[PDB]
Amino acid sequence: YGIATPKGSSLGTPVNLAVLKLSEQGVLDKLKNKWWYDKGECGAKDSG
Amino acid sequence: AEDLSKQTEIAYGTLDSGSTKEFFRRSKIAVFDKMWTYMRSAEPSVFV
Amino acid sequence: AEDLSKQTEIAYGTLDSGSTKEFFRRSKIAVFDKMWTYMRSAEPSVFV
Amino acid sequence: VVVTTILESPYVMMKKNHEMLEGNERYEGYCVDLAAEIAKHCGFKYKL
Ligand SMILES: N[C@@H](Cn1oc(=O)[nH]c1=O)C(=O)O
Ligand SMILES: N[C@@H](Cn1oc(=O)[nH]c1=O)C(=O)O
């Protein structure tokens, strides 16, 4: 999964640097663990 | 409450306005946090 | 890994220096975080 | 900067009062919040 930039976009370099800065802070990961798991209310444990 | 928060078979409601509901709002214990994410996520409303 | 991280019967080790150990160091997924808190808490050392 | 996003949970979701809120306030989700952390740093106005 990647950010789609048009061929010759001015936002080809700053978006790619924004990709790195969110990753270096783990902010990509701290969004993923938050949104999937506060919504995970039917955790598979409950039917088991 | 650890046996409460780990099973979603049972619903958890408190009063519409009181010292109990506000206690779980400003709480930051992980067990107490996970309950308040459930108390807000009420379909239908758990509160009375 | 969810069935890994929820049971401490099994031990989890990786290489002493490589891309796998460092992947769980800078990770911030909650399942991946809880493993790295266990990987550091190794008596004896899980790593090889 | 016109941001095209497709309508699919959990990446782009509809707010509860989606007829009431418009534009950026209408849309919630993961790619929405991903757009906000990028456009904060890369300084561009984003329209969803
Ligand atoms: N009296 C309490 C309210 N309350 O009523 C209950 O039945 N539980 C409870 O916390 C307060 O001062 O807010
Ligand atoms: N080749 C890997 C190291 N590695 O060896 C394994 O057996 N697993 C593993 O991640 C690297 O480039 O760090």
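Up top is the structure these notes are about.
Description of the structure in this document. (Residues numbered from 1 in each chain as written, not as in the entry; some residues may be left out. Chains lettered and ligands numbered in written order. Part of a larger assembly, values for the part shown. Heavy atoms only, no water.)

1. Some thoughts on the interface of chain A and chain C
Definition in use: Contact criterion: two residues are considered in contact whenever any of their non-hydrogen atoms come within 4.5 Å of each other. Throughout, the accessible surface (probe 1.4 Å) given up by two parts as they are put together, summed over both, is called the buried area. By definition here, a salt bridge exists when the distance from a side-chain nitrogen of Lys or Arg to a carboxyl oxygen of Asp or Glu is within 4 Å.
In this complex, chain A contributes 8 residues to the contact, which on the side of chain C involves 7 residues. Together chain A and chain C conceal approximately 550 Å² of surface at their shared face, both sides included; 58% is due to carbon and sulfur atoms. Ranking the residues of chain A by area buried against chain C places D29, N33 and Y37 of chain A at the top, with a combined share of 60%. Summed over the shared surface of chain A and chain C, the result is 1 salt bridge. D29 of chain A is paired through a salt bridge with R26 of chain C; the nearest N and O atoms lie 3.5 Å apart.

2. A short note on the arrangement of the chains
Counting contacts across all 3 pairs of chains found in contact, the highest total belongs to chains A and D. There is a gap between chain B and chain D: no contact, and a shortest C-alpha distance of 13 Å. When C-alpha atoms are compared, chain C and chain D, though not in contact, are closest at a spacing of 15 Å.

3. What about the interface of chain A and chain D?
The line we're drawing: Any pair of N or O atoms that falls within 3.5 Å is considered a polar contact. Within protein, one atom must be able to donate a hydrogen and the other to accept it, and sequence-neighbouring residues count only if both atoms are side-chain atoms. Secondary structure is summarised from DSSP: a helix means a run of H or I of at least four residues, a strand means a run of E of at least two, and numbering begins at the N terminus for each. Throughout this entry, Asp, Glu, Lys and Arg are counted as charged residues, while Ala, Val, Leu, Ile, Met, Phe, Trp, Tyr, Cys and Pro are counted as nonpolar. The remaining residues, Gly among them, count as polar.
Opposite the 14 residues of chain A that make contact, chain D presents 13 residues. Both faces combined, the contact of chain A with chain D buries some 1200 Å², and carbon together with sulfur accounts for 83% of it. When the buried surface of chain A facing chain D is broken down by residue, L22, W35 and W36 of chain A rank first, second and third, together holding 37% of it. At the boundary of chain A with chain D, the tally comes to 2 residue pairs in polar contact. Only α1 (13-24) and α2 (27-38) of chain A provide two or more residues apiece to the side of chain A that touches chain D. A per-class count over the side of chain A that touches chain D returns 11 nonpolar, no polar and 3 charged.

4. Points about the environment of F23 of chain B
Looking at where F23 of chain B falls in the secondary structure, it is placed in helix α2 (residues 19-25). Each C-alpha atom, one on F23 of chain B and one on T8 of chain B, is 21 Å from the other, the two residues being 15 residues apart in sequence.

5. Considering the site of ligand 2
Residue and element names in this part refer to chain C. Quick note on the threshold: One heavy atom within 4 Å of a molecule or strand makes the whole residue count as near it. For every accessible area listed, the method is Shrake-Rupley and the probe measures 1.4 Å; residues are considered covered only by the protein chains on display.
Within the structure, ligand 2 sits among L15, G18, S19 and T20. Taking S19, its main chain carries an N or O atom lying 2.8 Å from an oxygen atom of ligand 2. In the model, an oxygen atom of ligand 2 is placed 2.3 Å from a nitrogen or oxygen of the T20 side chain. Considering ligand 2 on its own, with 340 Å² of exposed area, one finds that the protein chains cover 34% of that surface. A per-class count over the shell around ligand 2 returns 1 nonpolar, 3 polar and no charged.

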